[PDB]
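Beneath this line is the structure, given in structure tokens, with notes to follow.
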Amino acid sequence: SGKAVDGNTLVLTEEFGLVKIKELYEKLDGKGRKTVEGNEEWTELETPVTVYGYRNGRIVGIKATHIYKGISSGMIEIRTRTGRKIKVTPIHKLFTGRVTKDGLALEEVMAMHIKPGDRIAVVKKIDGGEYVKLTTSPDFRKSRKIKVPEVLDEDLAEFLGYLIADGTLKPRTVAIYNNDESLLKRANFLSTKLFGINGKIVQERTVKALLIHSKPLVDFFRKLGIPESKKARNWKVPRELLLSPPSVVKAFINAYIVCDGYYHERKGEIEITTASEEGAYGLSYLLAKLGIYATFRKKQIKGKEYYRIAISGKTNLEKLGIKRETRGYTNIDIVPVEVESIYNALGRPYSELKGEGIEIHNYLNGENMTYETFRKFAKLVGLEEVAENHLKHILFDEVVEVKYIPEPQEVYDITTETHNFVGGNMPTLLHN
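Residue -2 is where the sequence shown starts when you use the entry's author numbering, and the numbers rise one by one after that.
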């Protein structure tokens, strides 16, 4: 076949949020002239959609002008240390990187040639965001019994964080469960501010609850895609949150973590365990809007499968305003850097590097340099811009396993001006 990805590959879009590329195809098929050539077809979209791509060291919105479907006789599945699992055609390209005296160069590598130990470009920061106006019917929308927020701001985002992490929706009641009565009071304050109605705090057998009795309010959250309970296995992050400014995402994430995130001392990581796999993948994209690289793992808990998102390591935690040493954390943000050639090209700044705690010899025999060490090194060798832009956005993630899968299937791709777009179960740079 051609260059393309498995239909379950997520893609971040402005118009539809984070969606499987096969779902995107089903939405867009027919909405433009299609050219068919045997096992390949291309649609030129009547209305281009917006995805995200990498350009000039940043990750910003870019137009996708075409969508492709092909039929492939086999696939390659790539797993990485962070928990990305990408399934693509053998000639589909990923990117490896090298930092030299001249900056960061991304190199295209076909999936058929990827091997364990390679490090592929993934996204740890997604730029952009605007305050999203909540979409209305052009019909006969608008409850008049409550006040309906019209912009997704930090207050609503905080409330959504409590509701998704620790809430239930019954047909006529919104509930938030927590043993901190001050958090329940805060949620009630927000409900008055946002919706003009409030609830009451009920002391229950093993937990307190804030109960807000309003069918219009339930309907508002259901239209947003809020799960009916913690255990919903199919809930998704709302598109409007993925398009929001980082301040809004931060309000949501902080609220989620206070409700159902847990800090593990020995490992140096905040863990979120959710029952929704696509909800977990969506959390990873939200975290990239904060500049955080999540890890992902499937876990067994009392005979059922759960999805663990970890915010791990001192650098990630700083992005939440948390200042903590994590000496038990294994570094996974490793920069491929040609240390010796850079050092010589810059005239061997031995004393200056020693002053930053770097002994150049410790990197001359293939040793890994962390991003944190590279930030310091870079300032002394003329590479600050690469450290503070390109490598603020791109992490080079270790491939742990590659497998050829000899099963034919339909595959999909999109066309962008950058020849790349952001997709995968956690944000990954995909070539087109």
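Cβ atoms here follow ideal geometry from the backbone N, Cα and C, with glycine treated the same way.
Quick check on the DSSP output: what are the complete beta strand (DSSP E) runs of length 3 or more inside the stretch 26 to 90, in order along the chain?
With a minimum length of 3 residues, the continuous beta strand (DSSP E) runs that stay inside the stretch 26 to 90 are 29 to 34, 37 to 52, 55 to 69, 72 to 77, 82 to 85.
Check each candidate in 148, 371, 165 and name the one with the smallest Cα separation from residue 101.
Checked all of 148, 371, 165; the closest Cα to residue 101 is 371.
Nearest to residue 164 by alpha carbon, out of 158, 173, 156, 157?
Nearest of 158, 173, 156, 157 to residue 164, Cα basis: 173.
Just reading off the beta strand (DSSP E) that residue 197 is part of, what are its end residues?
First-last of the beta strand (DSSP E) with residue 197: 197 to 200.
Excluding the 5 residues flanking residue 316 on each side, which residues of the same chain have their C-beta closer than 6 Å to its C-beta?
Closer than 6 Å at Cβ, skipping near neighbours: 287, 288, 289.
Counting pairs of Cβ atoms below 8 Å between the stretch 224 to 232 and the stretch 269 to 279, do you hit three or more?
Short answer: they touch.
Using the DSSP secondary-structure output, state which residues sit across from residue 104 in a beta bridge.
DSSP output for residue 104 lists 93 as bridge partner(s).
Can you list the alpha helix (DSSP H) stretches of 4 or more residues lying completely in the stretch 241 to 327, in chain order?
Qualifying alpha helix (DSSP H) stretches, in chain order: 243 to 257, 274 to 286, 311 to 315.
Comparing alpha-carbon positions, which option in 182, 281, 327 lies nearest residue 263?
For residue 263, the nearest C-alpha among the options comes from 327.
Of the choices 266, 291, 265, whose alpha-carbon is the least far from that of residue 277?
Residue 291 is the option with its Cα nearest to residue 277.
Who does residue 401 pair with in a DSSP beta bridge?
Partner(s): 73.
Buried or exposed: which applies to residue 136, given that a residue is buried once 16 or more other Cβ atoms fall within 10 Å of its Cβ?
Burial call: exposed.
Tell me which residue opens and which closes the alpha helix (DSSP H) that residue 375 is part of.
Looking at the DSSP string, the run of the alpha helix (DSSP H) that includes residue 375 is 368 to 376.
Please classify residue 357: does DSSP put it in a helix, a strand, or coil?
If DSSP states are grouped into helix, strand and coil, residue 357 belongs with the helices.
Name the two residues that bound the continuous alpha helix (DSSP H) containing residue 420.
Careful: residue 420 lies outside any alpha helix (DSSP H), inside the beta strand (DSSP E) at 417 to 420.
Could you tell me the alpha carbon to alpha carbon distance between residue 91 and residue 22, rounded to whole angstroms?
Their backbone Cα atoms lie some 22 Å apart in a straight line.
Return the first residue and the last residue of the alpha helix (DSSP H) that residue 152 is part of.
151 to 163 is the extent of the alpha helix (DSSP H) around residue 152.
Could you tell me whether the stretch 400 to 408 touches the stretch 121 to 132, where touching means 3 or more Cβ pairs closer than 8 Å?
With the cut-off at 8 Å, the stretch 400 to 408 and the stretch 121 to 132 do not touch.
Flag this pair as yes or no: are the beta carbons of residue 399 and residue 77 separated by less than 8 Å?
No.
So residue 103 and residue 421 are supposed to be a Cβ contact under 8 Å. How far apart are they, rounded?
Rounded, the Cβ-Cβ distance is 16 Å, inconsistent with contact.
What are the start and end residues of the alpha helix (DSSP H) that includes residue 190?
Start and end: 178 to 192.
Assuming residue 442 contacts residue 47 under a Cβ cut-off of 8 Å, what Cβ separation, rounded to an integer in Å, is found between them?
Since the first residue of the chain shown is -2 and the last is 429, residue 442 is not available in this structure.
Would residue 209 pass as a contact of residue 188 if the rule is Cβ separation under 8 Å?
Yes, the Cβ-Cβ distance between residue 209 and residue 188 is below 8 Å.
Please check the pair residue 108 and residue 87, which I expect to be a contact at CB under 8 Å, by giving their CB distance rounded to whole angstroms.
Indeed they touch by this definition, with Cβ atoms about 6 Å apart.
Locate the beta strand (DSSP E) running through residue 9, then write down its first and last residues.
Looking at the DSSP string, the run of the beta strand (DSSP E) that includes residue 9 is 7 to 10.
Grab the span of the beta strand (DSSP E) containing residue 14 for me, first residue to last.
It spans 14 to 17 - the beta strand (DSSP E) in which residue 14 sits, taken as one unbroken run.
Taking DSSP as the reference, what is the three-state secondary structure of residue 410?
Strand at residue 410.
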